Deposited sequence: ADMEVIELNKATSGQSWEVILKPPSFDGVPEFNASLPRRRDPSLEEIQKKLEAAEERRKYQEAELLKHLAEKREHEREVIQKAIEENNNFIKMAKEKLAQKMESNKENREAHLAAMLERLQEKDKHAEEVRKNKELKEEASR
């Protein structure tokens, strides 16, 4: 319902003052937190560094497991190949031996049949002597 110009300061480069249109509707004035120390700051920064270091370490640990699996695959492929070679070697050895035994047995039985005939021929000729010169 009026105005009030209140001179503040006048210096070489300018002037300043306060203009009050209306005073406050409340006279009795209005109706920071320490610190943080260097130690507190260092603690927060170092805790974050250790979390980052943990994350990276755990990611390298995962990759290390992969290298282990890769070596395990290669080794499995070696093992499977070696088992194939050994089973083929043994099965072949068995076939070649079973076959030698069978072939030997066939020939053995054949010669025994012929040997029986030779024993019978001796008996035939012996039987002839029991008849011939024995009677007249």
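J.: Residue ranges with no C-alpha coordinates, please: along the deposited sequence, counted from 1, in order.
T.: Absent from the structure is a single run, positions 32-37.
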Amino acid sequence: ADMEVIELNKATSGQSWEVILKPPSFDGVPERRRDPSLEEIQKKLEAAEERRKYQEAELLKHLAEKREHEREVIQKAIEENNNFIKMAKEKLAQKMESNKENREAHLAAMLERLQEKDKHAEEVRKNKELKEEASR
From here on, numbers count along this sequence of modelled residues.
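J.: Looking at the other compared entries that model residues on both sides of it, is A64 unmodelled in at least a third of them?
T.: Other entries vs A64: none skip it.
J.: Give yes or no for this: do at least a third of the other compared entries, each modelling residues before and after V29, lack coordinates for it?
T.: Affirmative; at least a third of those entries omit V29.
J.: If you average the Cα B factors in the entry, which is higher, 86-94 or 33-41?
T.: The deposited B-factors put 33-41 ahead on the C-alpha mean.
J.: Would you tell me which stretch averages the higher CA B-factor in the PDB entry, 20-28 or 109-117?
T.: That would be 20-28.
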